[PDB]
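*Asks:* Dropping the structure in here first, questions after.
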Amino acid sequence: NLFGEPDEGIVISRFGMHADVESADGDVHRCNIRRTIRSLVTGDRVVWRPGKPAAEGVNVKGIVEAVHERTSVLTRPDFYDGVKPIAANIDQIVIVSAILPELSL
RNA sequence: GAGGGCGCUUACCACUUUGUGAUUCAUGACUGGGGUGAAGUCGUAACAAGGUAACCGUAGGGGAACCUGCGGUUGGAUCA
Ligand SMILES: [Mg+2]
Ligand SMILES: [Mg+2]
Ligand SMILES: [Mg+2]
């Protein structure tokens, strides 16, 4: 409760119980997520509110309320896990490989 | 004179000092795990004969669940 300003920002990473949310200028600010969110991936623009600082200048987390629509999505299914999206909202993929340990085709 | 007092000295001895142990708390860089986490990643181990029967003890291997070797058990299916 006691949430802040609704704004648009880019989610840095995913940690299950919470996520790292970059603001509109480059501020690393970790936030937890809303219970009704079906999925949240790396680099997905969201609507979020950065809580409220209990101490003056010292805040713990905010919340991520809503998730914007997906431009692209990287969904890969799995045995006994179902279809899980990995990342979203991307224009280019770079397949990176190495000769060691193997280079398959 | 007898005797007493003062004073001095000795014995006992608190406090105190050094050397060096035992014990306890606070702090402590660092470090060992373990627990709590519904949606994160990695895999599919076990529960059916769970797709190499599983488990216990021990040795070795490797991100990991685990795997191999030896021995034992049925808390194993199917089997005469
Ligand atoms: Mg298995
Ligand atoms: Mg098995
Ligand atoms: Mg055996």
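Chain labels follow the order of the structure tokens: the first chain is A, the next B, and so on; residue numbering restarts at 1 in every chain, and ligands are counted from 1 in their shown order.
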Mind listing the residues within 12 Å of ligand 1, only C-alpha atoms (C1' of nucleotides) and all ligand atoms counted, as a PyMOL selection string?
*Replies:* (chain A and resi 80) or (chain B and resi 43-47+50-52+54+65-66)
*Asks:* With a cut-off of 12 Å and counting only C-alpha atoms (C1' of nucleotides), select all residues of chain B in contact with chain A and give the selection as a list in words.
*Replies:*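 Result, ordered by chain then number: residues 37, 38, 39, 40, 41, 42, 43 and 44 of chain B.
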*Asks:* Pick out the residues no farther than 8 Å from ligand 3, counting only C-alpha atoms (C1' of nucleotides) and all ligand atoms, and list them as a PyMOL selection string.
*Replies:* chain B and resi 71-73
*Asks:* List the spatial neighbours of segment 63-77 of chain A as a PyMOL selection string - criterion: any atom at most 7 Å away, only C-alpha atoms (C1' of nucleotides), same-chain residues fewer than 5 positions off excluded.
*Replies:* chain A and resi 31-34+45-51+82-90
*Asks:* Just the number, please: distance in Å from atom CA of residue 7 of chain A to atom CA of residue 29 of chain A, one decimal.
*Replies:* 13.0 Å
*Asks:* Could you list, as a PyMOL selection string, every residue within 12 Å of residue 70 of chain B, counting only C-alpha atoms (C1' of nucleotides) and ignoring same-chain residues fewer than 6 positions away?
*Replies:* chain B and resi 57-59
